[PDB]
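Given as structure tokens, the chain that follows is alone and in the form deposited in one PDB entry.
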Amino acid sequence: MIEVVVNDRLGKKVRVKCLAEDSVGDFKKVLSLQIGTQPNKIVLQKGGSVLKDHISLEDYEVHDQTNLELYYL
């Protein structure tokens, strides 16, 4: 289990835990519970890169204590 932080450009800093093998789709589902933005209106960014549910977090390289960006779309 790892702990990653998500900061929205609009103004929403929420933290959420997951796994490096966990996919972005499951990641948005767990985060959607805290932000209440639904898995269809959440957009994650990793160093100027859009994360998609079809790709796993391990592909984007998401580990414990990592920084992630949040977007509403």
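Numbering starts at 1 and follows the sequence shown.
Another form, the form solved in complex with a partner chain, is not on view; read the next lines as being about it.
- Taking 52, 17, 12, 63 one by one, only a single residue has any non-hydrogen atom within 4.5 Å of its partner chain in the bound PDB entry, and it is 17.
- Using a 4.5 Å cutoff between non-hydrogen atoms, residue 38 does not count as a contact of its partner chain in the bound PDB entry.
- Using a 4.5 angstroms threshold between heavy atoms, residue 73 stays clear of its partner chain in the bound PDB entry.
- Highlighted residues 1, 22 and 30: every one comes within 4.5 Å of its partner chain in the bound PDB entry, counting any heavy atom.
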